[PDB]
Amino acid sequence: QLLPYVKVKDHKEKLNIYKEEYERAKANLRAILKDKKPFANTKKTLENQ
Amino acid sequence: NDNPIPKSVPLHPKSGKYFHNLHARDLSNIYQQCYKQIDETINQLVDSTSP
């Protein structure tokens with residue numbers, strides 16, 4: 001009659017783990033995207049060298 | 001640190017080609033020519049001067 005407890009708990013746990021994995025993946029992707037530009041700058045400096 | 005420019009990097013095969021290509025300029029031929037020139041100049045000077 002109420003929401004299935006096992007299913008709701010499993011869905012909440014899987015949603016939480018998926019959301020944390022998404023958050024860490026997006027944080028890592030933002031960090032690598034921010035870090036990529038200095039590599040392009042270093043490549044430009046190396047081509048100048 | 002700061003700008004990502006490492007002080008040094010391990011050698012690469014493409015870098016190895018340039019390392020092998022790099023060499024000291026060889027002056028052995030120039031030294032031999034200079035020695036021959038000075039020796040012949042001394043030999044010429046031996047009889048060049050009026051007695």
# chains A, B, ... in the order shown; residues from 1 in each chain; ligands from 1
>>> closest_atom_pairs(of="chain B", to="range 28-39 of chain A", cutoff="10 Å", atoms="only C-alpha atoms", output="JSON lines")
{"residue": "B:2", "atom": "CA", "partner": "A:38", "partner_atom": "CA", "distance": 9.6}
{"residue": "B:3", "atom": "CA", "partner": "A:38", "partner_atom": "CA", "distance": 7.1}
{"residue": "B:4", "atom": "CA", "partner": "A:38", "partner_atom": "CA", "distance": 6.9}
{"residue": "B:5", "atom": "CA", "partner": "A:39", "partner_atom": "CA", "distance": 9.1}
>>> select_by_dssp(residues="chain B", states="helix (DSSP H, G or I)", output="PDB file with N, CA and C atoms, in the first residue's frame")
ATOM      1  N   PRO B  13      63.054   8.317 -27.923  1.00  0.00           N
ATOM      2  CA  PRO B  13      63.706   7.883 -29.162  1.00  0.00           C
ATOM      3  C   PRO B  13      63.798   9.018 -30.193  1.00  0.00           C
ATOM      4  N   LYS B  14      62.742   9.821 -30.333  1.00  0.00           N
ATOM      5  CA  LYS B  14      62.815  10.991 -31.249  1.00  0.00           C
ATOM      6  C   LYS B  14      63.894  11.941 -30.728  1.00  0.00           C
ATOM      7  N   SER B  15      63.939  12.154 -29.413  1.00  0.00           N
ATOM      8  CA  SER B  15      65.010  12.984 -28.804  1.00  0.00           C
ATOM      9  C   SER B  15      66.354  12.274 -28.982  1.00  0.00           C
ATOM     10  N   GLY B  16      66.351  10.940 -28.935  1.00  0.00           N
ATOM     11  CA  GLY B  16      67.582  10.151 -29.110  1.00  0.00           C
ATOM     12  C   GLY B  16      68.169  10.366 -30.490  1.00  0.00           C
ATOM     13  N   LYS B  17      67.325  10.515 -31.515  1.00  0.00           N
ATOM     14  CA  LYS B  17      67.856  10.814 -32.870  1.00  0.00           C
ATOM     15  C   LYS B  17      68.660  12.114 -32.841  1.00  0.00           C
ATOM     16  N   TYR B  18      68.105  13.174 -32.243  1.00  0.00           N
ATOM     17  CA  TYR B  18      68.822  14.477 -32.161  1.00  0.00           C
ATOM     18  C   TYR B  18      70.064  14.349 -31.269  1.00  0.00           C
ATOM     19  N   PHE B  19      69.983  13.560 -30.193  1.00  0.00           N
ATOM     20  CA  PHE B  19      71.151  13.367 -29.295  1.00  0.00           C
ATOM     21  C   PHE B  19      72.281  12.718 -30.088  1.00  0.00           C
ATOM     22  N   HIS B  20      71.940  11.719 -30.901  1.00  0.00           N
ATOM     23  CA  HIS B  20      72.951  11.036 -31.747  1.00  0.00           C
ATOM     24  C   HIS B  20      73.474  11.994 -32.815  1.00  0.00           C
ATOM     25  N   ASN B  21      72.589  12.820 -33.376  1.00  0.00           N
ATOM     26  CA  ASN B  21      72.996  13.790 -34.424  1.00  0.00           C
ATOM     27  C   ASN B  21      73.953  14.822 -33.825  1.00  0.00           C
ATOM     28  N   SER B  28      89.995  18.423 -36.308  1.00  0.00           N
ATOM     29  CA  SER B  28      91.247  17.653 -36.537  1.00  0.00           C
ATOM     30  C   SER B  28      91.830  18.005 -37.910  1.00  0.00           C
ATOM     31  N   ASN B  29      90.982  18.089 -38.940  1.00  0.00           N
ATOM     32  CA  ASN B  29      91.452  18.480 -40.294  1.00  0.00           C
ATOM     33  C   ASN B  29      92.019  19.900 -40.243  1.00  0.00           C
ATOM     34  N   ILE B  30      91.324  20.810 -39.560  1.00  0.00           N
ATOM     35  CA  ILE B  30      91.790  22.225 -39.493  1.00  0.00           C
ATOM     36  C   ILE B  30      93.136  22.266 -38.766  1.00  0.00           C
ATOM     37  N   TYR B  31      93.266  21.510 -37.672  1.00  0.00           N
ATOM     38  CA  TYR B  31      94.537  21.496 -36.907  1.00  0.00           C
ATOM     39  C   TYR B  31      95.652  20.921 -37.775  1.00  0.00           C
ATOM     40  N   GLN B  32      95.361  19.846 -38.507  1.00  0.00           N
ATOM     41  CA  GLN B  32      96.384  19.238 -39.394  1.00  0.00           C
ATOM     42  C   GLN B  32      96.787  20.244 -40.478  1.00  0.00           C
ATOM     43  N   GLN B  33      95.815  20.946 -41.068  1.00  0.00           N
ATOM     44  CA  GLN B  33      96.126  21.959 -42.111  1.00  0.00           C
ATOM     45  C   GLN B  33      96.958  23.091 -41.501  1.00  0.00           C
ATOM     46  N   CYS B  34      96.588  23.549 -40.305  1.00  0.00           N
ATOM     47  CA  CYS B  34      97.337  24.641 -39.628  1.00  0.00           C
ATOM     48  C   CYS B  34      98.759  24.171 -39.307  1.00  0.00           C
ATOM     49  N   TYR B  35      98.901  22.936 -38.820  1.00  0.00           N
ATOM     50  CA  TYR B  35     100.245  22.388 -38.513  1.00  0.00           C
ATOM     51  C   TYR B  35     101.066  22.292 -39.798  1.00  0.00           C
ATOM     52  N   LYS B  36     100.453  21.809 -40.879  1.00  0.00           N
ATOM     53  CA  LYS B  36     101.182  21.686 -42.167  1.00  0.00           C
ATOM     54  C   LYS B  36     101.598  23.082 -42.627  1.00  0.00           C
ATOM     55  N   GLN B  37     100.691  24.051 -42.508  1.00  0.00           N
ATOM     56  CA  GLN B  37     100.997  25.421 -42.982  1.00  0.00           C
ATOM     57  C   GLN B  37     102.161  25.997 -42.176  1.00  0.00           C
ATOM     58  N   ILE B  38     102.111  25.856 -40.853  1.00  0.00           N
ATOM     59  CA  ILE B  38     103.186  26.454 -40.013  1.00  0.00           C
ATOM     60  C   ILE B  38     104.502  25.721 -40.303  1.00  0.00           C
ATOM     61  N   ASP B  39     104.451  24.399 -40.475  1.00  0.00           N
ATOM     62  CA  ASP B  39     105.688  23.618 -40.726  1.00  0.00           C
ATOM     63  C   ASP B  39     106.295  24.064 -42.053  1.00  0.00           C
ATOM     64  N   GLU B  40     105.467  24.174 -43.094  1.00  0.00           N
ATOM     65  CA  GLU B  40     105.984  24.586 -44.424  1.00  0.00           C
ATOM     66  C   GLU B  40     106.489  26.034 -44.332  1.00  0.00           C
ATOM     67  N   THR B  41     105.819  26.881 -43.547  1.00  0.00           N
ATOM     68  CA  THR B  41     106.273  28.285 -43.379  1.00  0.00           C
ATOM     69  C   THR B  41     107.653  28.287 -42.719  1.00  0.00           C
ATOM     70  N   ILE B  42     107.858  27.434 -41.713  1.00  0.00           N
ATOM     71  CA  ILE B  42     109.194  27.335 -41.053  1.00  0.00           C
ATOM     72  C   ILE B  42     110.218  26.849 -42.084  1.00  0.00           C
ATOM     73  N   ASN B  43     109.855  25.842 -42.879  1.00  0.00           N
ATOM     74  CA  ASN B  43     110.791  25.293 -43.893  1.00  0.00           C
ATOM     75  C   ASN B  43     111.137  26.387 -44.907  1.00  0.00           C
ATOM     76  N   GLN B  44     110.134  27.154 -45.339  1.00  0.00           N
ATOM     77  CA  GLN B  44     110.372  28.262 -46.299  1.00  0.00           C
ATOM     78  C   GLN B  44     111.267  29.310 -45.634  1.00  0.00           C
ATOM     79  N   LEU B  45     111.002  29.630 -44.365  1.00  0.00           N
ATOM     80  CA  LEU B  45     111.789  30.668 -43.647  1.00  0.00           C
ATOM     81  C   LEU B  45     113.245  30.214 -43.527  1.00  0.00           C
ATOM     82  N   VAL B  46     113.487  28.906 -43.453  1.00  0.00           N
ATOM     83  CA  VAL B  46     114.876  28.421 -43.221  1.00  0.00           C
ATOM     84  C   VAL B  46     115.795  28.956 -44.323  1.00  0.00           C
ATOM     85  N   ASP B  47     115.353  28.878 -45.580  1.00  0.00           N
ATOM     86  CA  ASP B  47     116.195  29.367 -46.705  1.00  0.00           C
ATOM     87  C   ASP B  47     115.693  30.706 -47.280  1.00  0.00           C
ATOM     88  N   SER B  48     114.588  31.251 -46.765  1.00  0.00           N
ATOM     89  CA  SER B  48     114.060  32.549 -47.266  1.00  0.00           C
ATOM     90  C   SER B  48     115.020  33.691 -46.932  1.00  0.00           C
TER      91      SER B  48
END
>>> closest_residue(among="A:26, A:41, A:47, A:13", to="chain B", atoms="only C-alpha atoms")
A:41
>>> decode(residues="range 6-41 of chain A", atoms="C-alpha atoms", output="PDB file, in the first residue's frame")
ATOM      1  CA  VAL A   6      13.257  -2.506  -0.123  1.00  0.00           C
ATOM      2  CA  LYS A   7      12.888  -0.948  -3.595  1.00  0.00           C
ATOM      3  CA  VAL A   8      12.816   2.662  -2.292  1.00  0.00           C
ATOM      4  CA  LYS A   9      15.912   2.033  -0.100  1.00  0.00           C
ATOM      5  CA  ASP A  10      17.749   0.308  -2.995  1.00  0.00           C
ATOM      6  CA  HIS A  11      16.736   3.133  -5.393  1.00  0.00           C
ATOM      7  CA  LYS A  12      17.850   5.821  -2.889  1.00  0.00           C
ATOM      8  CA  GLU A  13      21.195   4.042  -2.281  1.00  0.00           C
ATOM      9  CA  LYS A  14      21.829   3.528  -6.031  1.00  0.00           C
ATOM     10  CA  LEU A  15      20.797   7.165  -6.755  1.00  0.00           C
ATOM     11  CA  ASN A  16      23.166   8.404  -3.994  1.00  0.00           C
ATOM     12  CA  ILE A  17      26.115   6.301  -5.264  1.00  0.00           C
ATOM     13  CA  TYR A  18      25.378   7.308  -8.901  1.00  0.00           C
ATOM     14  CA  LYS A  19      25.134  11.006  -7.893  1.00  0.00           C
ATOM     15  CA  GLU A  20      28.430  10.891  -5.916  1.00  0.00           C
ATOM     16  CA  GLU A  21      30.144   9.063  -8.840  1.00  0.00           C
ATOM     17  CA  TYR A  22      28.701  11.702 -11.225  1.00  0.00           C
ATOM     18  CA  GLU A  23      29.910  14.511  -8.899  1.00  0.00           C
ATOM     19  CA  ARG A  24      33.464  13.092  -8.608  1.00  0.00           C
ATOM     20  CA  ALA A  25      33.562  12.425 -12.392  1.00  0.00           C
ATOM     21  CA  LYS A  26      32.364  15.993 -13.230  1.00  0.00           C
ATOM     22  CA  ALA A  27      34.797  17.494 -10.660  1.00  0.00           C
ATOM     23  CA  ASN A  28      37.657  15.465 -12.221  1.00  0.00           C
ATOM     24  CA  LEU A  29      36.499  16.473 -15.743  1.00  0.00           C
ATOM     25  CA  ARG A  30      36.360  20.181 -14.752  1.00  0.00           C
ATOM     26  CA  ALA A  31      39.808  19.896 -13.110  1.00  0.00           C
ATOM     27  CA  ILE A  32      41.349  18.209 -16.201  1.00  0.00           C
ATOM     28  CA  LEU A  33      39.621  20.728 -18.561  1.00  0.00           C
ATOM     29  CA  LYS A  34      40.987  23.656 -16.465  1.00  0.00           C
ATOM     30  CA  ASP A  35      44.460  21.997 -16.363  1.00  0.00           C
ATOM     31  CA  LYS A  36      44.451  21.316 -20.162  1.00  0.00           C
ATOM     32  CA  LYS A  37      44.869  25.021 -21.156  1.00  0.00           C
ATOM     33  CA  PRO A  38      48.320  25.426 -19.400  1.00  0.00           C
ATOM     34  CA  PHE A  39      49.487  22.372 -21.429  1.00  0.00           C
ATOM     35  CA  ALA A  40      48.422  24.195 -24.635  1.00  0.00           C
ATOM     36  CA  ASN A  41      50.273  27.309 -23.352  1.00  0.00           C
TER      37      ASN A  41
END
